[PDB]
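Before any questions on binding or motion, here is one chain by itself as structure tokens, the form deposited without the partner chain.
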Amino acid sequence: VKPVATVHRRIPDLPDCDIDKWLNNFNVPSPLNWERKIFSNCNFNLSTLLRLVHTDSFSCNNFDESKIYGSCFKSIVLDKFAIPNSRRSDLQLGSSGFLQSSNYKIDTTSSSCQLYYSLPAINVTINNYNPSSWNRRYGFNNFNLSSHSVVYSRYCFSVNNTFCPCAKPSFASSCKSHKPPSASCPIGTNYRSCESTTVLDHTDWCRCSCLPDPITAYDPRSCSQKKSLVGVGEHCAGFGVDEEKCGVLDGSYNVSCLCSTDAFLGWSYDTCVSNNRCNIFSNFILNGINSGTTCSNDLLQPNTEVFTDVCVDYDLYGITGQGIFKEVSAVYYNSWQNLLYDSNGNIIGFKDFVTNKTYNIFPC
């Protein structure tokens, strides 16, 4: 861990981070659309936080929880979402289950903390939102689910930008066995790959890609929907679509390619409620311990001396460096700010808000 600077001063009068207000927002997202907020340049209270959110457990990975109190960080990145009851054990670090395979992957290499907390069910509305642009482009609008149902993807699929799930109407017009539904595809996209063959008294046997469906496809190589695990920081690339439910039977070029709601596969849902409260997960990424201006106010930080006449590493109102401090009477402090800069942008001076004393800073 990087050590705290020998001379450290925080910026005064920063706003409160209000992390608790964000965690307790009654509009709670599902892991499918996990929400992220970055907290910077503000003061937080971990002890207050753990009391104001009905905390069930809190632990840290690659970091000592007790070292948060009183510390400063460059930023604290929070990710949150409601927990479907059946998926709770997916959230163990390193788990290959559905939540981390296909919704939210917990970074295990960073310094992080996982908060398990809950909100009163009667005030919680779950926000289930499909984050995949391509799904939405071809007909996915909303979920139609019970209150407190929490969506999760089992399997995600990615497509490139020429993807269209509908068969070409000209191809479909001569199929006699297993005619696929068809429609016009957007300009700049390729029609679904389809083949007509003869076989045992079927003169016009039509088979297209992604059969029986993209999850169970015989030949994944010929299915343009490609399996994708979510990486750190990513959302589900998309539900797989049953391409036999995109387009309409005998649809011509006057119908735009559209998948029905039930064509989107490989997801499910569960309530987040137990003991009449919605259970919720939140991940804390702690960036840049012992630096920055995202600082805990849990402790009365006893301000140390400004060591003078000696090369010293410092962290002054967010700005780091090393130099030799020499106290000076106020008349020689040529500015009104708490820091003093030269022509090339380097700090040459400092005013201490704790003592109102002024100092020159020289290089070592």
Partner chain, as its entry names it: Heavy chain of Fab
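What we label the rigid core is the largest C-alpha set whose atoms superpose within 1.5 Å from one form to the other. Only residues modelled in both forms are compared. Numbering follows the first chain given and starts at 1.
- Relative to its counterpart among 169-177 and 79-87, 169-177 has the higher mean temperature factor, C-alpha atoms as listed in the PDB entry.
- On average the C-alpha atoms of 194-202 have higher B-factors than those of the other stretch, with 194-202 and 156-164 being the two compared.
- The PDB entry gives the largest Cα B-factor of the residues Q337, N41, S59, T55 to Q337.
- In this PDB entry, the Cα temperature factor of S47 sits in the middle third of its chain's modelled residues.
- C113: CA B factor in the lowest third of modelled residues in this chain (values from the PDB entry).
- When the modelled residues of the chain are ordered by C-alpha B-factor, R36 sits in the lowest third.
- In this PDB entry, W267 carries a Cα temperature factor that places it within the lowest third of its chain's modelled residues.
- Ranked against the other modelled residues of its chain, the C-alpha B-factor of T6 as given in the entry falls in the highest third.
The same protein also has a form solved in complex with the partner chain, omitted here; what follows describes it.
- Contact check at 4.5 Å (heavy atoms) against the partner chain in the deposited bound form: all three of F98, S101 and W205 pass.
- When the partner chain is considered in the deposited bound form, only one residue from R277, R154, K74, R88 comes within 4.5 Å through any heavy atom, namely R154.
- Of the residues given (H235, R137, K227, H148), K227 alone sits with a heavy atom within 4.5 Å of the partner chain in the deposited bound form.
- The closest heavy atom approach of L211 to the partner chain in the deposited bound form falls within 4.5 Å.
- Remark: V199 counts among the residues lining the partner chain in the deposited bound form, judged by a heavy atom distance of 4.5 Å or less.
- At the 4.5 Å threshold, heavy atoms of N161 stay clear of the partner chain in the deposited bound form, well away from it.
- In the deposited bound form, the partner chain lies farther than 4.5 Å from every heavy atom of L265.
- Residue heavy atoms within 4.5 Å of the partner chain in the deposited bound form occur in exactly one stretch of 112-120, 279-287, 215-223, 78-86, and that stretch is 215-223.
- In the deposited bound form, no residue of 279-294 lies within 4.5 Å of the partner chain by any heavy atom.
- Just one of the listed positions, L249, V199, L93, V232, moves its Cα by at least 2 Å between the shown form and the other one when the rigid core is held fixed, and it is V199.
- Taking only residues common to both forms and fitting on the rigid core, the CA shifts of 2 Å or more between the shown form and the other one cluster into a single run of 3 or more residues at 197-201.
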